[PDB]
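What follows is a single chain, given as structure tokens, in the form deposited in one PDB entry.
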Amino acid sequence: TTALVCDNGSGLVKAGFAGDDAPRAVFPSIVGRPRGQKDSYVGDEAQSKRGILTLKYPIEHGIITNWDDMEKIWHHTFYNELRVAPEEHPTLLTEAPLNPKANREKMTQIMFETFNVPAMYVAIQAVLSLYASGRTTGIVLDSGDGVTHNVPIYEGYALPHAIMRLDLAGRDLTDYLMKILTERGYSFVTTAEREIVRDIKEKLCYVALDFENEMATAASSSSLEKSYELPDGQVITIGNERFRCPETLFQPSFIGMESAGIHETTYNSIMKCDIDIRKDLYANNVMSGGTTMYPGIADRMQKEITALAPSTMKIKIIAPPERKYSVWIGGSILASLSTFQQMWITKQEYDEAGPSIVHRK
């Protein structure tokens, strides 16, 4: 048989087979139920049936909040997307930093008792990303669609007490971009159009190295102007919006948040760690997740941490090319190692010890 790798995020599900260099299936982690049709839907069909369904996101800020919808998602992942028999494959699942013990236990229980998998495993997302970048020590900046985390890792393991979290990620960036574009007299807030804003964000947005100077530049010339062909026809163009949208990550107050920006939470995370490993961490900032894809993001982080760290500190920001899938790749690698055969948690061990064996020492 061949193990399965499933990375569940606030916005997208990444699933596939261990040994593969990338996820075979990537769909929205959305469940649709009748709000006359009587079926409930998952992912892209759920979105296509917006008008007759009520959509919900099973995962909120990286944490599973609705287990019945989460079950549908996993069911749709096995039988529809991957087309496999769960009972047939050991499955490695991923979990967000600081996931409550109860969630880990309930995930385990459902896999074994509902899907009857022969074996399973639960890994922290940030750790899988660090591994993907060929590193055992560093601080990961993981930013996806629903949450952003700072995770300092040392010799293979996360330091829980130092983890920072920020409820600000892609979806917040899309809403903001959608807001500033609506103000200028447009409208989406629908489906193919809300789809359009996200697409404008992922294709035209970037992070400014120096926000004031970019603003001054955008105000003085059309050099930063960009155009986007709408699916209807008209061509909308944007200038300072391009970098104003992502700037929110560094200045949460742009959308009403009192929290510190990602450069500040990265610094605070490092300052919360043992003085003797901080150099390891400053020299190994690894970016992970779709919201770290913005052009300019790494240079900006490098500059802001530099302004906060000791003048002699070697500061390095690492931005892997496929960091949209780092977490999945890291899991694919892990579940593939010859040494991993004895790391799975088997049905036997479960049926004999209970969901509690999903924790470690």
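Heads up: residue numbers just count along the shown sequence, starting at 1. So that the term is clear: the rigid core is the largest set of C-alpha atoms that superpose within 1.5 Å between two forms.
The same protein also exists as the form deposited in another entry; that form is not shown, yet it is the one meant from here on.
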query: Core-fitted Cα difference of 2 Å or more between the shown form and the other one, single residue among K226, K179, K279, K106; finding: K106
query: Large Cα move at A22 between the shown form and the other one, threshold 2 Å, rigid core; finding: no
query: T191 C-alpha relocation of at least 2 Å between the shown form and the other one, rigid core basis; finding: yes
query: Did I73 shift 2 Å or more between the shown form and the other one, C-alpha, core superposed; finding: yes
